[PDB]
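Listed below, chain by chain, are the residues.
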Amino acid sequence: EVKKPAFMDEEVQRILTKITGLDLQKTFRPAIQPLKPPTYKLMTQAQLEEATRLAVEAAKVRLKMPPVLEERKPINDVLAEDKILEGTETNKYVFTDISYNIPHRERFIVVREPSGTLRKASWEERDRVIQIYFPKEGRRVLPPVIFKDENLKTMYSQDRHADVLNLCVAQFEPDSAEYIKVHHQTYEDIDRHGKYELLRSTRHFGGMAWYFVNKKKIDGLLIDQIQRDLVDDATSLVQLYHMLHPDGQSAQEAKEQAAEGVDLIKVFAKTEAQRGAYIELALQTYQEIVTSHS
Amino acid sequence: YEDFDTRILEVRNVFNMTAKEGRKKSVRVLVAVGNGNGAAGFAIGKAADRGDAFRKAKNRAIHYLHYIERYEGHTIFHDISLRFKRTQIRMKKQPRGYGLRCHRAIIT
């Protein structure tokens with residue numbers, strides 16, 4: 001069976017990086033933090049171009065995409081059931097192995113319940129105690145309250161989606177249900193209101209496009225990419241849609257006609273686009289403007 | 001010159017020895033003026049009455065307006081260290097939000 005493309009596949013990362021884009025002004029926007037007096041260097045045009053090159057190297061590492069993983073499976077394993085200790089304790093004991101050189105997902109965290117059962121700690125218990133003994137800058141022991149639906153809606157009205165996601169990466173693990181719930185809610189709000197520009201030149205654009213492709217709702221992102229004159233990106237998105245859905249009618253139509261460039265987007269509109277009529281209209285208008293002006 | 005503000009820096013009441021009062025009276029006033037937009041100046045006015053020394057200094061300083069270059073309108077372009085006679089001043093360029101941490105006369 002042809003392997004399903006992955007998020008980290010070198011081909012997918014290439015397309016996702018391209019559509020994301022780069023903008024040294026957005027990637028390195030000034031942080032509202034304690035400030036220090038700036039330094040100054042006299043540089044030639046060769047030195048200045050070298051410095052810009054290093055800035056683009058750093059902007060690449062800054063735009064490294066966070067992992068996209070499937071939801072973890074609940075831990076429900078009972079190591080022992082020592083019933084002699086039933087009724088001798090009122091509160092659960094949580095024992096955590098805090099040996100320094102063990103990966104956190106390979107640590108043993110067990111719970112001795114009042115009934116006497118010795119069981120493995122759940123995912124919610126594992127993350128909480130690992131924060132208490134291996135505290136991570138940005139993360140809090142107890143889940144913050146900003147992730148409540150009402151609080152998240154407030155952040156969305158202020159167009160602070162990149163912050164909601166940066167907060168979800170500091171607090172939650174990539175495979176947790178809370179992580180997926182928040183990300184899928186932020187991506188969904190961007191879609192409904194056409195706010196795709198908020199996450200461009202950010203590490204969160206790749207996951208957003210990935211989510212739309214898998215959910216077969218790239219119509220909005222294509223219409224917005226076309227209206228911004230980013231039609232090379234729009235074609236790459238249709239290539240990613242024809243890569244993760246090879247047996248789709250649209251992918252089979254492009255093979256029949258060996259479509260390339262703007263042809264790929266036209267094929268998608270007729271075959272699998274939820275709102276094809278608009279994609280052609282926006283695509284046609286772009287062609288008219290390009291042809292008429294140039 | 002409604003856009004200019006005047007501030008006092010020193011007021012001396014000095015007495016000399018003239019026949020009018022035996023020991024005559026004198027008021028020497030140092031003032032500074034500025035529009036808060038890069039233009040500032042200072043002058044000394046002397047008179048027998050304090051009110052007159054204020055007018056003389058205040059109107060003299062408007063004729064000696066320096067223009068001071070501000071980096072981005074909030075700070076000096078670079079560190080400045082100098083000695084004027086026996087008084088040493090040492091200024092430092094600082095980021096926004098730092099405020100004016102200087103001698104009370106320099107803040108004015």
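Along every chain, residues receive numbers from 1 upward following the written sequence, which is not necessarily the numbering found in the entry; those without coordinates are excluded from display. To read the labels, note that chains go from A and ligands from 1, taken in the order they are written. Shown here is not the whole assembly but part of a larger one, and the values apply to the part shown. Side-chain descriptors were evaluated using all non-hydrogen atoms of the structure, hydrogens and water having been removed beforehand.

In the PDB header, cryo-EM is given as the technique by which the entry was determined, and 3.19 Å as its resolution.

### Here's the deal with the overall build of chain B
Elements are defined by DSSP. Helices are runs of H or I of four residues or more, strands are runs of E of two residues or more, and each kind is numbered from the N terminus. A count of helical and extended segments in chain B gives 2 helices and 6 strands. For chain B, the sequential pattern of α-helices and β-strands runs β-β-β-α-β-β-β-α. Only the C-alpha atoms count toward the radius of gyration. The rule for a globule is 2.2 Å times the residue count to the power 0.38. Relative to a compact globule of 108 residues, whose C-alpha radius of gyration would be 13 Å, chain B shows 17 Å and is clearly more extended. With the principal axes as the frame, chain B shows a C-alpha extent of 55 × 35 × 20 Å. A simple rule labels every residue: compare its accessible area, found with a 1.4 Å probe on the protein chains alone, to the largest value its type can have, and call it buried under 20%, exposed over 50%, or partly exposed in between. In chain B, which comprises 108 residues, the proportion classed as buried is 21%. Here the Shrake-Rupley method, with its probe set to 1.4 Å, supplies the accessible areas, and only the displayed protein chains count as covering residues. Total accessible area computed for chain B in this model is approximately 8700 Å², and 51% of it derives from carbon and sulfur atoms.

### A short note on the overall build of chain A
When its secondary structure is counted, chain A shows 13 helices and 4 strands. The C-alpha radius of gyration of chain A comes to 24 Å, more than 25% above the 19 Å expected for a compact globule of 294 residues. Overall, the C-alpha framework of chain A stretches about 85 × 60 × 40 Å when taken along its three principal axes. Here, two residues are considered to be in contact whenever any of their heavy atoms come within 4.5 Å of each other. Contacts in chain A between residues far apart in sequence, at least 24 positions, make up 63% of those at least 6 positions apart. By element, 53% of the accessible surface of chain A is carried by carbon and sulfur atoms, the whole surface being about 18600 Å².

### Quick word on the packing of helix α10 (residues 231-244) of chain A against helix α12 (residues 262-271) of chain A
Residue and element names in this part refer to chain A. Between N-to-C directions, angles cover 0 to 180 degrees, with each direction set by a line fitted to C-alpha atoms, over the stretch in contact for helices. Following both chains from N to C, one finds α10 and α12 inclined at 55 degrees, their axes separated by 8 Å at the closest point. Considering the angle they form, α10 stands oblique to α12. With respect to the hand of their crossing, α10 and α12 are arranged in left-handed fashion. Contact with α10, carried on its side by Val231, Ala234, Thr235, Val238, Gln239, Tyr241 and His242, involves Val262, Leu264, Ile265 and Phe268 of α12 and no other residues of that element. Residues are grouped as follows: nonpolar covers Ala, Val, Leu, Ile, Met, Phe, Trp, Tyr, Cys and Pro; charged covers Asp, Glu, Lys and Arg; every other residue, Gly included, is treated as polar. Here the residues of the contact of α10 with α12 sort into 8 nonpolar, 3 polar and no charged. Here the word oblique covers every angle except those under 35 degrees (roughly parallel), over 145 (roughly antiparallel) and from 65 to 115 (roughly perpendicular). Handedness of each helix crossing follows the sense of rotation of the near helix against the far helix: counterclockwise by less than a right angle gives left-handed, clockwise gives right-handed.

### Quick notes on the layout of surface pockets
Residue and element names in this part refer to chain A. Computed over the protein atoms alone on a 1 Å grid, cavities are sets of points where a 1.4 Å probe fits but cannot get out and pockets are open sets with protein on both sides within 12 Å along at least five of seven lines; a residue lines them when it has an atom within 4 Å of a point. Grid points are joined across faces, edges and corners, and a volume is the space filled by probe spheres set on the points. For the second largest pocket, the calculated volume is near 720 Å³. Looking at the second largest pocket, it is lined by 21 residues, and the ones nearest its centre are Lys26, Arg29, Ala162, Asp163 and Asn166. Listed by contribution, the elements that provide at least two residues to the lining of the second largest pocket are α2 (24-27) and α6 (161-171). Partitioned by chemical class, the residues of the lining of the second largest pocket number 8 nonpolar, 6 polar and 7 charged.

### Let's talk about the interface of chain B and chain A
Taken residue by residue, the interface counts 4 residues in chain B and 5 residues in chain A. Throughout, buried area stands for the accessible area (probe radius 1.4 Å) lost by two parts on being put together, summed over both. Interface of chain B and chain A: buried area, both sides summed, is about 380 Å²; carbon and sulfur atoms make up 63% of it. Think of a salt bridge as a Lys or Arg side-chain nitrogen and an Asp or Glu carboxyl oxygen that are within 4 Å of each other. Linking chain B to chain A there are 0 salt bridges. Here a polar contact is recorded for every N or O atom pair within 3.5 Å, except that within protein the pair must consist of a potential hydrogen donor and a potential acceptor, and residues adjacent in sequence are included only if both atoms are side-chain atoms. Remark: the boundary between chain B and chain A carries 1 residue pair in polar contact. Tallied by class, the residues present in the side of chain B that touches chain A amount to 2 nonpolar, no polar and 2 charged.

### Some points on the UniProt feature "domain: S5 DRBM" in chain B
UniProt positions are given in the numbering used here, feature names are shortened, and annotations may be inferred rather than shown by experiment. Look at the UniProt record and you will see "domain: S5 DRBM" annotated at residues 4-68 of chain B. In residues 4-68 of chain B, the share of helix is 18% and the share of strand is 52%. The end C-alpha atoms are 15 Å apart.

### A few points about the packing of aromatic side chains
Aromatic pairs are defined between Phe, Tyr and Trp rings, using the six-membered ring for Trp, whenever the two ring centres lie within 6.5 Å; interplanar angles under 30 degrees are classed as stacked, those over 60 as edge-to-face, and all others as tilted. By the definition in use, this model includes 9 aromatic pairs over all chains. Where A:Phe7 meets A:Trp210, the ring centres are 5.5 Å apart and the plane angle is 80 degrees; that geometry is what we call edge-to-face. Highlighted residues: A:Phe7 in the segment before α1 (10-20) and A:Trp210 in helix α8 (residues 205-214), separated in sequence by 203 residues. Taking relative accessible area as the criterion, A:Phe7 reaches 5% and is therefore assigned buried. On the basis of an interplanar angle of 80 degrees and a centroid distance of 5.8 Å, the ring pair of B:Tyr71 and B:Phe77 is categorised as edge-to-face. Accessibility expressed as a relative area gives 18% for B:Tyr71, which makes it buried. Taking the relative accessible area as the measure of exposure, B:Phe77 reaches 44% and is therefore partly exposed. In this structure an aromatic cluster arises from ring pairing among A:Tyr187, A:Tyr196, A:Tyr211 and A:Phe212. Whether a charge sits over a ring comes down to the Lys NZ or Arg CZ being within 6 Å of the ring centre and within 35 degrees of the ring normal. The side chain of B:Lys93 reaches across the aromatic face of B:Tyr71, ending 4.0 Å from its centre. Between the NZ or CZ atom of B:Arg101 and the centre of the ring of B:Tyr98, over which it lies, the distance is 3.8 Å.

### Digging into the sheet that holds strand β3 (residues 109-112) of chain A
All names here are of chain A. When DSSP finds two or more bridges between a pair of strands, those strands are recorded as paired. Taken in spatial order, the 4 strands of this open sheet run β1-β4-β3-β2, and their pairing is antiparallel. At either margin of the open sheet sits one strand with a lone partner, and together these are β1 (78-81) and β2 (93-96). Between one strand axis and the next, the sheet turns through 15 degrees on average, direction left out of account. Bridge count for β3 against strand β4 (residues 117-120) is 3 bridges, and the pairing is antiparallel. Its bridge partner lying in β4, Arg112 is registered against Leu118.

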